[PDB]
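Undergrad: Sharing a structure below in structure tokens format, with a few things to ask.
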Amino acid sequence: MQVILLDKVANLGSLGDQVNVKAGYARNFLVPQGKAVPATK
Amino acid sequence: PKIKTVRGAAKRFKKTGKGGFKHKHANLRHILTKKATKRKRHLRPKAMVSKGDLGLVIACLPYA
Amino acid sequence: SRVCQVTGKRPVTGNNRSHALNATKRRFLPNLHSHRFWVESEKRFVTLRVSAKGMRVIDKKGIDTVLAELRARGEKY
RNA sequence: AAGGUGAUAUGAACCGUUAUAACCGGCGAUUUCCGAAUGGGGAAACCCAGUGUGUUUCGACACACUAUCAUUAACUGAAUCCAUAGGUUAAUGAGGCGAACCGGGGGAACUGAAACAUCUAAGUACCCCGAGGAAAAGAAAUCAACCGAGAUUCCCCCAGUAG
RNA sequence: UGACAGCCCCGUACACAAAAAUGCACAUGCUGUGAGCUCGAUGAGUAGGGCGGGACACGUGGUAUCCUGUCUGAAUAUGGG
RNA sequence: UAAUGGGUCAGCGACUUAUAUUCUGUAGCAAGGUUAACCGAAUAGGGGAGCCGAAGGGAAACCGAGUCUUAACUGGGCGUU
RNA sequence: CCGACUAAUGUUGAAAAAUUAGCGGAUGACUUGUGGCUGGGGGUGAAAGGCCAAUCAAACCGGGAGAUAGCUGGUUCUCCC
RNA sequence: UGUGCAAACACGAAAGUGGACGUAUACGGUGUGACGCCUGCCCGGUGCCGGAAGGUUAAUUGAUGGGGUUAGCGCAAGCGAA
RNA sequence: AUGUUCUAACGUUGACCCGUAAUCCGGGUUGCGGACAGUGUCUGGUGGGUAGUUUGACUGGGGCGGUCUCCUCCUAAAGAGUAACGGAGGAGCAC
RNA sequence: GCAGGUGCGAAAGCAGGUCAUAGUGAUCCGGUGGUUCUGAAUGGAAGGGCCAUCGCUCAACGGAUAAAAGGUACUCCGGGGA
Ligand SMILES: [Mg+2]
Ligand SMILES: [Mg+2]
Ligand SMILES: [Mg+2]
Ligand SMILES: [Mg+2]
Ligand SMILES: [Mg+2]
Ligand SMILES: [Mg+2]
Ligand SMILES: [Mg+2]
Ligand SMILES: [Mg+2]
Ligand SMILES: [Mg+2]
Ligand SMILES: [Mg+2]
Ligand SMILES: [Mg+2]
Ligand SMILES: [Mg+2]
Ligand SMILES: [Mg+2]
Ligand SMILES: [Mg+2]
Ligand SMILES: [Mg+2]
Ligand SMILES: [Mg+2]
Ligand SMILES: [Mg+2]
Ligand SMILES: [Mg+2]
Ligand SMILES: [Mg+2]
Ligand SMILES: [Mg+2]
Ligand SMILES: [Mg+2]
Ligand SMILES: [Mg+2]
Ligand SMILES: [Mg+2]
Ligand SMILES: [Mg+2]
Ligand SMILES: [Mg+2]
Ligand SMILES: [Mg+2]
Ligand SMILES: [Mg+2]
Ligand SMILES: [Mg+2]
Ligand SMILES: [Mg+2]
Ligand SMILES: [Mg+2]
Ligand SMILES: [Mg+2]
Ligand SMILES: [Mg+2]
Ligand SMILES: [Mg+2]
Ligand SMILES: [Mg+2]
Ligand SMILES: [Mg+2]
Ligand SMILES: [Mg+2]
Ligand SMILES: [Mg+2]
Ligand SMILES: [Mg+2]
Ligand SMILES: [Mg+2]
Ligand SMILES: [Mg+2]
Ligand SMILES: [Mg+2]
């Protein structure tokens, strides 16, 4: 899953960075914790 | 309803000019090394259905 | 019922086939799981009974679009 | 319209003959109780209510309302700060029945194969859901064969042919 | 109709008839749905694939095509069936 | 026959029907015959889409009163009168 | 009161399981009234394939249904070759 | 002999329910059948229990080889990338 | 890949709160498990627990025994053919 | 006996297995080689055909399936004095 970090995440990257995470990581943590948003734009 | 052709019969008999039926000879499918060349040669051409069997063949092929 | 709330996938029927081609009736069930979906726009978790395929659909379309489809369909959640 | 008060079915007591006798048609009125049955319950045709009104001669009495679900509103209103869930009220609709035809969800076996398992019977019988006066289908990501056709549906052929 | 009726009776051919309700078909009034027109747009967890089934006259066969329970997964008109 | 069935009577009780196919008879037409659905008020008329027949041989391409077999028949099979 | 070991009778019975003389249990793993629950490859069974409405090695009713029956029975007027 | 409790097990496409508002001195299954004296040898067969080195082995994955097609090389035969 | 740690999916037939007048359910708070368990699709094993079926014929009745195709002789009545669970032998190759 | 090609013989001639009579298995489904005969728009190809050939103690040997043993005294039906 390609996401857009809404903040700095350890091994992931920095705010703005668009990265590919396992769909589970994004759906059950990054997104519900405001730490990222899906790369649709 | 229409009579149904016996399909397996249609794959083994063809009607000739005077109403008889031609067929391929049996015994030329496999084990053939032991069979004499003369015997296999005489099995190659098609043959006519015999009088005894014409009734059976005709019953199987209403639309021939 | 064993119905995906997103896609409408439900059990369907078919045959087991043995090597001897004996046919016996069988069912194919959807890969259903009850999942808590975060709705950022509503600041709420919404639980849906969804197939894995419907999970992928929610990933592709966003939870808001799918919930709107469910509302338009009369499907309560 | 000169007759008439349905039948077994007489009788009785009456109605009527120039037009409110009867009879026939349209539109209306009345339409107990049970039954979806819907105020609650129930061993159908019964038992027992709550609210309003109105009446009482003070004993009482009459009438209307009150099921459930869906949707839409208004008000309200947790855990929990907003809120939501929830609660109540009102509006609108549904419910049940019905012979066949129709679409869909499921779906046999006897039987035939001269036994039997693939195959057959047959997507038939049956169960279930839903609709309409018909339903379904339908305006080519279709065929054709280098020529062309031009949505769907139904009939006759093609053909018991190609497979 | 006391036996078999054109002329006995009721009909029949034919010719007529509605206060009221109602079917349909016309017609033009209220009314909402909005015609023609240029530019533009052209249906994605989809087509397709792997696995299991089912449907196609077609039993997996050398088996196209359709549907999809499961896992995937494009082009998008210069593109696609 | 000491094998079966019937106590008796009356009434009922078992080779049909639809479609396809072949043969016989009969009728029509004849190298031709005949239409289906449908149209039509039409048992008429229209409708020849088709089907069967006048050519066969060969698995087939193909050839054709021939053709197939085979390198080829003195030939042989099926056909032609 | 609950049973049912023996015999006789009865056996188109008084009765589709009884009567008569005897017989066993009789404060218990007893017996009985009312109501309830378990449903057919299913129930229930101190187990006999017992019982599940006089029906049980798969209840009954309706349907598939005119299953199938290489078996048995039966198959109706006359005469001629 | 099974069963550590959301028990084993049973009814049930499931939710659940019985087991049990019980908890190994409990509960299910199996055989034996008061009591007395007892219950011997065999683990090769079948089952069950344990093991896990080595052989064999599913779906899955798709290295490698072969073929069909054809841009082109060719005059033809042919060869032949993606 | 295989360990270990983690929490956020998922489980909870732990606790407490609310809907609520409720040992259902749902929502909240929290603890304990935790990417396991469980479920879907596919797949190997096991599977009389259940189902559909098969289990030949001849035969001095059936069964048990024997036999089942082919060759030679005799029965076979001087052409051919000719039966018995009649009388005697062989083949399913070799080169 | 005819056509083609062949061996032995000087030649006439003989030779299409063996002194003869057993030594065997239909069809289907497929495998291998050859052969443009066919090739679902067309060119190919796949598949099919044709010729040669291979795979059955189908031995119950005209072979019913690719694939099959028992019990019934719990029994049941249709039949036979065959
Ligand atoms: Mg061959
Ligand atoms: Mg009621
Ligand atoms: Mg009521
Ligand atoms: Mg009450
Ligand atoms: Mg049969
Ligand atoms: Mg319509
Ligand atoms: Mg008279
Ligand atoms: Mg489009
Ligand atoms: Mg697909
Ligand atoms: Mg495909
Ligand atoms: Mg497609
Ligand atoms: Mg006598
Ligand atoms: Mg007699
Ligand atoms: Mg008698
Ligand atoms: Mg011809
Ligand atoms: Mg008793
Ligand atoms: Mg007594
Ligand atoms: Mg005593
Ligand atoms: Mg006593
Ligand atoms: Mg017994
Ligand atoms: Mg009884
Ligand atoms: Mg049974
Ligand atoms: Mg039937
Ligand atoms: Mg019958
Ligand atoms: Mg429990
Ligand atoms: Mg004992
Ligand atoms: Mg069995
Ligand atoms: Mg059967
Ligand atoms: Mg026998
Ligand atoms: Mg004997
Ligand atoms: Mg002789
Ligand atoms: Mg003689
Ligand atoms: Mg004789
Ligand atoms: Mg010799
Ligand atoms: Mg010899
Ligand atoms: Mg082509
Ligand atoms: Mg035989
Ligand atoms: Mg046989
Ligand atoms: Mg009997
Ligand atoms: Mg007899
Ligand atoms: Mg006798």
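Ideal geometry is used to build each Cβ from the backbone, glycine not excepted, and the neighbour counts take in all protein chains shown. Bear in mind that the values in this text are calculations on the coordinates, not laboratory data.
Undergrad: Could you tell me the calculated FRET efficiency between residue B:31 and residue C:1, based on Cβ-Cβ distance and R0 = 41 angstrom, to the nearest 0.05?
TA: With a Förster radius of 41 Å, E is 0.05.
Undergrad: By how many nm would the segment from residue B:50 to residue B:12 lengthen if fully extended, with 0.36 nm per residue of separation less the alpha-carbon distance?
TA: 12.3 nm
Undergrad: In debye, nearest 20, what is the charge dipole magnitude of chain C about its Cα centre with +1 on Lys and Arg Cβ and -1 on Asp and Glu Cβ, if you could check?
TA: Using only the charged Cβ atoms, the result is roughly 400 debye.
Undergrad: Expressed as a rounded percentage, what relative contact order does chain C have, with Cα pairs under 8 Å and six or more residues apart?
TA: 29 percent
Undergrad: Something else now. Given B:15/B:38; B:14/B:38; B:2/B:46; A:35/C:43; B:4/B:46; A:41/C:53, which pairs have Cα atoms separated by over 20 Å?
TA: B:15/B:38; B:14/B:38; B:2/B:46; B:4/B:46; A:41/C:53
Undergrad: Which angle between 0 and 90 degrees, to the nearest 10, do you get for helix C:52-61 versus the longest principal axis of chain C when only C-alpha atoms count?
TA: 30 degrees
Undergrad: Where Rh denotes the Kirkwood radius from the mean inverse Cα pair distance, what is Rg over Rh for chain B?
TA: With Rg and the Kirkwood Rh in hand, the quotient comes to 1.08.
Undergrad: Below 8 Å between Cα atoms, with a sequence gap of 6+, how large is the relative contact order for the stretch C:16-59 in percent?
TA: Relative contact order here is 28 percent.
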